[PDB]
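The values are calculated or read from the model by the stated rules, or taken from the named source; no laboratory read-out is quoted. All Cβ positions, even for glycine, are placed from backbone atoms using ideal geometry, and neighbour counts span all protein chains on display.
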Amino acid sequence: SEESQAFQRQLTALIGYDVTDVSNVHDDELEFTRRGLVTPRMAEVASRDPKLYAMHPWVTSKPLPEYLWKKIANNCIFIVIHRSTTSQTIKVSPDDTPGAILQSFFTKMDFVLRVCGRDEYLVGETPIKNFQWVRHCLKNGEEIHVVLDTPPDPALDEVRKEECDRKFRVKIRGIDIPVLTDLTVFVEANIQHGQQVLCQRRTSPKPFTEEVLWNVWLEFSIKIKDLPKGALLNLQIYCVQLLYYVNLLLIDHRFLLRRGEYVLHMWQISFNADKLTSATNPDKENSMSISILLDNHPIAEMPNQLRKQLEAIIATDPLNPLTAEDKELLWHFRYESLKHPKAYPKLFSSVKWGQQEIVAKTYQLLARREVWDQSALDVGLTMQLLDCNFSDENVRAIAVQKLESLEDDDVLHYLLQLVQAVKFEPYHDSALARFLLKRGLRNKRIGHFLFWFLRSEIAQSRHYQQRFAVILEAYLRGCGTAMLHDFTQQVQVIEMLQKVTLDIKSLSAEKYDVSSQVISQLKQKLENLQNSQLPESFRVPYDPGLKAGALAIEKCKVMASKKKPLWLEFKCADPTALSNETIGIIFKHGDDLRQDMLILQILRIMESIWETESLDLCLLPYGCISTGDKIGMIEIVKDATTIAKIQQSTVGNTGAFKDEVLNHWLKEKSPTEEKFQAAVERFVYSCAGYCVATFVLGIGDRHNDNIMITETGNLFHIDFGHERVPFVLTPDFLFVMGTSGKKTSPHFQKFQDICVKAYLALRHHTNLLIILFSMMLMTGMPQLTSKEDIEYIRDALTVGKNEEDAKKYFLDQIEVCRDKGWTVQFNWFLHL
Ligand SMILES: C[C@@H](NC(=O)c1c(N)nn2cccnc12)c1cc2cccc(C#Cc3cnn(C)c3)c2c(=O)n1-c1ccccc1
């Protein structure tokens, strides 16, 4: 049908890539995946409740933390209901449900309760203590305001109708680069499984000309019958240095042995998740290529010391290497290992995947999954089984099975790095992709962030754009017409605003200070865009509950920075919004904001870890979406400046520094002395939290220009673009603490206490943090050495040490900060 053709046009515009484009492929795996994803999409579409789906209540099953219980000593909670511009307060027990509040509301004086100024609803049979909006109002000491609205028409989510024993041999023909010190170049063929090179052959070294020819059969030691599914033929081009790489799945999505002629366009090197992609470089014009031929196809006692050695192995951290003896022990006593869910990553990383019968034994082992299936959900282990070291279908399938039991709250907590983990899938259609599709189609918020996460990569990396676009298209074909409309207008808005950001950046030279003519130009462009081209309103991508409307063109500016970010402020389209404050958005080009996304998501995961132990470090992981190559959006935190400007105002701008300035700023920006006390408390907590987080992630040695503070004392690092010091604990922070280099005021003692507590809390989830850090590096960083870079978070988390030594370690970090002072801060200016 032609309507379906226009609809595919629409989907392509939304995705930023055409999934029907068969130009850059050597098989039909992407199409097979588009076709296979139809079943789960339609299943979840038929299974989801229209009412709850449309109202998407953001709830949780976690208990209410201790610090938020300290805010409801009355066992009562006030809710301010607005029938129609007439507000009345109702007392509610934390256990009262939305329906209960209705049956009592009409007994104090069908419908639905919505959050004022937001597309959020308090619906469904959940104790209203478990509504995220209520927990937020409690955390920030705010009243819970609600509009009595009608249930959003469930019909608005309408969904359109869907419509043998032979050694493996590979002939290397040659390499061709259309245009390119010749030196020497050779080709290396690696049969790999999960980054584990099962075998390896090479060619002879030849001078590198724009065309090099071998026509040589490379025979590998592996028999064809031994090739495991998901095995990659990894072709690399060296010259000591690795110049090019590319990959081909030896077994396809049909269990068929790959066979025939292949001319693969390769990726150039500027370890790394990009080195695993099966996609070929779509730039057939400039990129190197290689020609290959495949002609080969149907798919009871245990001593004490040994059990102790085995448990020692099992107990070590995820980054602890496994000796050959360790692997042989794990494998010989594999049925004992199966009783310990934590031994699973190490047990399966001890499988000889290059042997067919060993893999069959491993599968028979996976059949004994009683202990694994009846074990509590350990996210660290699931992540470990989903990373780069596991290419087997069933191994990863068990991790996805464990993920299945997660609630939408935790799925949002881990969605970014699950999407990223999709990069470790050998095949486009995988249990992980299907699970992300399911959980996005089941919940509108998860689907919103899934759209934006998939699109951040689709429009930025050719390595995985095709796969992510297949998945995003599968999702869009089931999210519903309302969400398609929202996504369309969101994309249009962000594209206009990125146009403006780049066009303004062009108008300025290296000299930072922007001209007056450029202020005129920005005002002109914004007013021109506001009249007609800019839609009436749009959902804030990083906060899907907010609808932004008209531009406050008088408040829009551009920073006098090397990069020219745009500071835009919108009005809230929701007339029932309880305030008049503007929605702040920073549109920035020049930084890779995928790294910012990842660091922020790890920060949120750490906050949840701390909540599990009744701690609240008041971190502020502002919204942040990467929309394209070194371009994205950032949430504008209200009433926040930078420590740098707080120094510049009073101490001058010649690298000078004074210590009392922070406290004077907090007291002059504090209306009441009591609110200043509250601001100092918030400062201590947030500073401890950010010190701990920034040391754990190895990003603590920042410049005070990249550290901000709110007028209400809340501190927070920003711009994670990319003599040292473990973290930023400068003397101006200490003078707010109440210490003069040597003293130890009650607030500094509280700060040290909170630091040690949070640090040990993180050490409790050591494994999960290690795996998340490893995945973040592998999927979001430029280039990382597996040995050096990753193994920072082991020492940072002081692996293997008892809690006493870890406390002493973090306290000595604090003492290093105390000892150095402004050394690094001043050195930043010095090295101009
Ligand atoms: C500090 C910096 N970023 C934030 O403030 C911020 C926030 N509010 N949330 N958030 C969340 C994550 C990361 N960053 C943030 C910031 C960005 C910026 C982005 C675009 C345009 C402009 C501007 C301007 C301007 C024009 N004429 N004149 C006099 C000033 C700016 C700007 O001025 N500053 C800034 C610098 C020092 C002191 C105070 C403000």
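Which condition from (1) within 39 Å of the chain's Cα centre (by Cα); (2) exposed (fewer than 12 other Cβ atoms within 10 Å of the Cβ) is the one that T181 breaks?
(1)
Need the failing condition index for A399 against (1) farther than 18 Å from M775 by Cα; (2) assigned to a helix (DSSP H, G or I), just the number.
Condition (1) is where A399 drops out.
Which of (1) surrounded by fewer than 19 Cβ atoms within 10 Å (Cβ to Cβ); (2) more than 16 Å from the ligand (Cβ to nearest atom); (3) not hydrophobic (A, V, I, L, M, F, W, C) is the odd one out, the single condition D574 does not satisfy?
Going through the list (1) surrounded by fewer than 19 Cβ atoms within 10 Å (Cβ to Cβ); (2) more than 16 Å from the ligand (Cβ to nearest atom); (3) not hydrophobic (A, V, I, L, M, F, W, C), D574 breaks only (1).
From the list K630, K588, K564, pick out the single residue that is basic (K, R), more than 10 Å from the ligand (Cβ to nearest atom) and more than 30 Å from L64 (Cα to Cα).
Exactly one residue qualifies, and that residue is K630.
Checking the structure you have, find out if any residue of segment 689-696 is within 14 Å of the ligand (Cβ to nearest atom) and either charged (D, E, K, R) or outside any helix (DSSP H, G or I) (or both).
There is no residue in segment 689-696 that is within 14 Å of the ligand (Cβ to nearest atom) and either charged (D, E, K, R) or outside any helix (DSSP H, G or I) (or both).
Within segment 392-407, can one find any residue that is under 18 Å from the mean Cα position of the chain (by Cα) and among the hydroxyl-bearing types (S, T, Y)?
No.
Hey, could you check segment 653-663 for residues that are more than 16 Å from the ligand (Cβ to nearest atom) and over 13 Å from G713 (Cβ atoms) and say which is surrounded by the most Cβ atoms within 10 Å (Cβ to Cβ)?
Taking segment 653-663 as the starting set, the residues that turn out to be more than 16 Å from the ligand (Cβ to nearest atom) are 654-660, 663.
If we keep only those that are over 13 Å from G713 (Cβ atoms) too, we end up with 654-660.
On the way: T654: 7, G655: 15, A656: 13, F657: 16, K658: 14, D659: 19, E660: 12.
So, considering only residues that are more than 16 Å from the ligand (Cβ to nearest atom) and over 13 Å from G713 (Cβ atoms), the one surrounded by the most Cβ atoms within 10 Å (Cβ to Cβ) is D659.
Give just the number: which of (1) in contact with a strand residue (DSSP E or B) (Cβ under 8 Å, 6 or more places away or on another chain); (2) within 22 Å of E407 (Cβ to Cβ) does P63 not satisfy?
(1)
Taking the residues in segment 503-516 that are in a helix (DSSP H, G or I) and more than 14 Å from the ligand (Cβ to nearest atom) as candidates, determine which candidate is farthest from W567 (Cα to Cα).
Looking at the filtered set, the residue picked out is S506.
Which numbered condition trips up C618, out of (1) away from the ligand (no atom under 13 Å from the Cβ); (2) more than 21 Å from the chain's Cα centre (by Cα); (3) in a loop (DSSP other than H, G, I, E, B)?
(2)
Residue under question is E188, and the condition is that it be assigned to a loop (DSSP other than H, G, I, E, B) and either under 30 Å from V45 (Cα atoms) or outside the structural domain of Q356 (by CATH) (or both); does it hold?
Details: assigned to a loop (DSSP other than H, G, I, E, B): no; either under 30 Å from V45 (Cα atoms) or outside the structural domain of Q356 (by CATH) (or both): yes.
So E188 fails the test.
I need the full set of residues from segment 364-383 which are farther than 24 Å from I191 by Cβ and either surrounded by 23 or more Cβ atoms within 10 Å (Cβ to Cβ) or touching a helix residue (DSSP H, G or I) at 6+ places or on another chain (Cβ under 6 Å) (or both), in order please.
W372, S375, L377, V379, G380, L381, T382, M383, listed by residue number.
Is it the case that segment 215-234 has a residue that's hydrophobic (A, V, I, L, M, F, W, C), under 29 Å from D387 (Cα atoms), touching a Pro at 6+ places or on another chain (Cβ under 9 Å) and outside the structural domain of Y427 (by CATH)?
yes
Quick one: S520 ticks every box in (1) surrounded by 15 or more Cβ atoms within 10 Å (Cβ to Cβ); (2) over 25 Å from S456 (Cβ atoms) bar one, so which box is it?
The one condition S520 does not meet is (1).
Within the set of pairs 6+ apart or on separate chains, which have a first residue in segment 487-506 that is on the phi < 0 side of the Ramachandran plot, a second that is in a helix (DSSP H, G or I) and aromatic (F, W, Y), and C-beta atoms under 7 Å apart?
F487/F451
Where the second residue is part of a helix (DSSP H, G or I) and of a type in the set (A, V, I, L, M) and the first is at negative phi and lies in segment 667-691, which pairs have Cβ atoms under 6 Å and are six or more apart or on separate chains?
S670/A679; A679/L666; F683/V736; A688/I754
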